[PDB]
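Engineer:
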Amino acid sequence: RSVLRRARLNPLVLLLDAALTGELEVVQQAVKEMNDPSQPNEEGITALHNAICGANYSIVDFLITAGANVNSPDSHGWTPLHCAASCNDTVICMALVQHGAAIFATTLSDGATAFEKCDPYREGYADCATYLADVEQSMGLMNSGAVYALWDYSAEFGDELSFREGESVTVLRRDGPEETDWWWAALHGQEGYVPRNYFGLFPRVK
Amino acid sequence: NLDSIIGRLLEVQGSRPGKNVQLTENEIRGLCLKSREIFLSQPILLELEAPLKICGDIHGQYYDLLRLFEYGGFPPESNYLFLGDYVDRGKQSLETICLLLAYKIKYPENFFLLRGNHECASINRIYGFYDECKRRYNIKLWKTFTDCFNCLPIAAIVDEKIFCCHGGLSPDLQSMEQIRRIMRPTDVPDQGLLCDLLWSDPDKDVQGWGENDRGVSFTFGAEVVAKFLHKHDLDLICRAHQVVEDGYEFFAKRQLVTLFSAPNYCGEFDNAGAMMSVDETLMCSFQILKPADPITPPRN
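Residue numbers (full-length UniProt numbering), protein chains in the order written: chain A, 608 to 612, 622 to 822; chain B, 8 to 300, 318 to 324.
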């Protein structure tokens with residue numbers, strides 16, 4: 608059947633482009649049409665990543681409020697906190713940390729944390745590094761030692777603690793020498809070890 | 008004869024990239040002569056309807072063209088509009104143009120080819136196509152291709168909403184009748200509307216019209232695009248002609264898109280290719296052809 612005698625773009629295409637350039641209302645429109653604001657493209661690029669690299673504070677706050685996965689790692693293993701750290705963008709780091717960023721999340725390559733990705737060659741390093749350095753030190757100390765779980769976990773050993781996403785867990789013993797990547801914690805009267813990288817200082821947006 | 012030609016061109020689908028398909032001189036001349044009839048029988052300013060898949064430059068990268076059809080759907084499963092630049096720079100211009108001309112003859116109402124700036128005797132003489140014809144065939148065949156290219160259509164408008172041409176806008180372009188009145192066969196002039204349609208470029212830094220670094224035609228700014236779209240009740244300009252890293256690249260917010268469909272352009276760039284799908288609802292999405300470049321912690 609021959610072909611010879622208003623137009624739109626894919627909503628995912630509008631979202632990723634609008635988040636990088638800074639058209640908030642366009643992002644808001646795309647988000648309503650598509651089902652998931654955390655939808656990545658064929659390259660693993662998500663809306664929040666483009667907003668961070670574009671330094672579009674307005675779009676970042678909206679997407680987080682809209683429930684964008686603040687911990688989704690890209691093809692290189694970089695989480696939204698990692699990109700914000702590489703840009704020395706303290707404001708984004710705060711928004712991410714205050715909305716469920718995994719402070720101790722590590723990249724797939726060289727397994728470094730967000731704090732280690734701060735660029736000492738760009739401006740704003742001191743302000744960003746100091747925040748991330750204090751945030752890492754404050755988990756298990758701040759808010760009376762309470763931290764929020766970001767994923768489900770089924771204990772792998774009897775001395776470990778099981779928990780569901782969103783539950784509040786109290787950190788009792790942090791600097792335990794026998795385990796540097798786990799914390800002794802308490803949940804509903806049960807005590808056991810929990811992985812650092814499964815918790816954020818605040819809960820996700822659900 | 009057509010089915011035999013298409014079959015032989017598609018035979019290398021499973022082959023290591025680079026393997027030639029050597030048609031006869033008479034076969035290739037046939038493709039040029041028959042398709043030339045069709046181009047002249049159809050409008051110089053095509054009016055097309057969705058669904059359609061729009062592709063940018065190929066530049067003789069035949070095995071990338073085969074992947075393009077593989078992922079997009081071989082004709083006639085999908086309808087295709089190409090925006091020009093089928094020959095030059097790549098090593099297999101002949102196989103590229105022949106397959107495209109063959110499909111044009113087999114599916115003349117569902118497969119369309121626009122003219123790029125390299126579909127011009129004075130350009131493809133310089134950047135490789137003539138060299139390929141002389142090596143594998145003869146000069147007379149290259150002149151036969153020039154006769155065919157001189158009859159290609161120049162622009163297409165999809166469902167009265169997407170304006171497509173190889174290069175871009177022109178300061179001389181005021182009414183669509185100016186395109187329809189262009190008589191074929193024609194060469195591409197050194198300046199003017201027809202030249203600009205195949206040679207001009209958008210520029211983020213120009214307000215209005217500026218000089219083009221290529222030494223030919225002009226550059227146009229974002230306000231030019233906006234003025235053009237509102238004047239002609241169009242929604243999107245789709246063009247090619249420039250390498251773009253992601254295979255597509257937006258301009259003037261989203262009023263213009265550049266497409267480029269040759270990944271790793273002549274082995275000097277690391278760009279991906281893309282084509283744009285337009286469905287019956289005029290929703291535009293992109294398909295990418297890209298060349299090849318939580319864990320619980322341990323315990324003590």
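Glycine included, every Cβ here is placed at the ideal spot set by N, Cα and C.
What residues of chain A sit near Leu53 of chain B, judged by a beta carbon separation below 8 Å?
Structural biologist: The contacting residues are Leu611.
Engineer: Quick one: give me the first and last residue of the alpha helix (DSSP H) that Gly37 of chain B is part of.
Structural biologist: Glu32 to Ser48 is the extent of the alpha helix (DSSP H) around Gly37 of chain B.
Engineer: In this structure, does DSSP put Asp64 of chain B in helix, strand or coil?
Structural biologist: Three-state result, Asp64 of chain B: strand.
Engineer: Is the Cβ of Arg132 of chain B closer than 8 Å to any Cβ of chain A?
Structural biologist: It does not; no Cβ of chain A falls within 8 Å.
Engineer: Checking 8 Å against the spacing of the C-beta atoms, do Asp797 of chain A and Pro811 of chain A come in under that value?
Structural biologist: Yes, the Cβ-Cβ distance between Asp797 of chain A and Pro811 of chain A is below 8 Å.
Engineer: Of the residues that make up the region 38-50 of chain B, which ones have a beta carbon closer than 9 Å to any beta carbon in chain A?
Structural biologist: Within the region 38-50 of chain B, the residues whose Cβ lies closer than 9 Å to some Cβ of chain A are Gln49 and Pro50, listed in chain order.
Engineer: Name the chain B residues that come within less than 7 Å of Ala623 of chain A, Cβ to Cβ?
Structural biologist: Per Cβ cutoff of 7 Å: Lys168, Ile169, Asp242, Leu243, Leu289 and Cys291.
Engineer: What is the DSSP secondary structure of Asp95 of chain B, counted as helix, strand or coil?
Structural biologist: Reduced to three states, the DSSP call for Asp95 of chain B is coil.
Engineer: Check whether the region 166-176 of chain B and the region 25-41 of chain B are in contact - that is, three or more C-beta pairs closer than 8 Å.
Structural biologist: No: the two stretches stay apart, fewer than three of their Cβ pairs being nearer than 8 Å.
Engineer: Checking the sheet assignment: what are the DSSP bridge partners for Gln806 of chain A?
Structural biologist: Answer is A:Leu803, bridged to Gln806 of chain A.
Engineer: Using only the alpha-carbon positions, how far apart do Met758 of chain A and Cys709 of chain A sit?
Structural biologist: Looking at the two C-alpha atoms, the distance is approximately 17 Å.
Engineer: Mind listing the chain B neighbours of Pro819 of chain A? Cutoff is C-beta to C-beta under 8 Å, in chain order.
Structural biologist: Neighbours of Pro819 of chain A on chain B: none; closest Cβ ~17 Å, over 8 Å.
Engineer: I'd like to check one pair, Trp799 of chain A with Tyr814 of chain A: are the Cβ atoms closer than 8 Å?
Structural biologist: No, the Cβ-Cβ distance between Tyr814 of chain A and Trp799 of chain A is not below 8 Å.
Engineer: Applying the 10 Å Cβ sphere with the 16-neighbour rule, what's the burial state of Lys141 of chain B?
Structural biologist: Exposed, since its Cβ has fewer than 16 Cβ neighbours within 10 Å.
Engineer: What does the alpha-carbon distance come out to for the pair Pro115 of chain B and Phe678 of chain A?
Structural biologist: Each residue's Cα considered, the two are about 49 Å apart.
Engineer: Using a Cβ distance threshold of 8 Å, determine whether the region 725-735 of chain A contacts the region 674-689 of chain A, with at least three qualifying pairs required.
Structural biologist: With a cut-off of 8 Å, the region 674-689 of chain A and the region 725-735 of chain A do not count as touching, because too few Cβ pairs lie within range.
Engineer: With three or more beta-carbon pairs closer than 8 Å as the criterion, would you say the region 780-791 of chain A touches the region 8-24 of chain B?
Structural biologist: Segments in contact, no.
Engineer: Alpha carbon to alpha carbon, how far is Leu180 of chain B from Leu200 of chain B?
Structural biologist: Answer to the nearest angstrom: the Cα atoms are 6 Å apart.
Engineer: Since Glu139 of chain B and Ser100 of chain B should fall inside the 8 Å C-beta cutoff, what is the C-beta to C-beta distance between them, to a whole number of angstroms?
Structural biologist: Correct: roughly 5 Å between the Cβ atoms.
Engineer: Could you pull out every residue in the same chain whose Cβ sits closer than 8 Å to the Cβ of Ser725 of chain A, ignoring the five residues on either side in sequence?
Structural biologist: Excluding residues within five positions, the ones whose Cβ falls inside 8 Å are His692 and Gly693.
Engineer: Considering only C-alpha positions, which residue in the set A:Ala802, A:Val610 and A:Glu776 is nearest to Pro322 of chain B?
Structural biologist: Comparing Cα-Cα distances from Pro322 of chain B to each of A:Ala802, A:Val610 and A:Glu776, the minimum goes to A:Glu776.
Engineer: May I ask you to list the residues that DSSP assigns as paired with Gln294 of chain B?
Structural biologist: Beta-bridge pairing links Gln294 of chain B to B:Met282.
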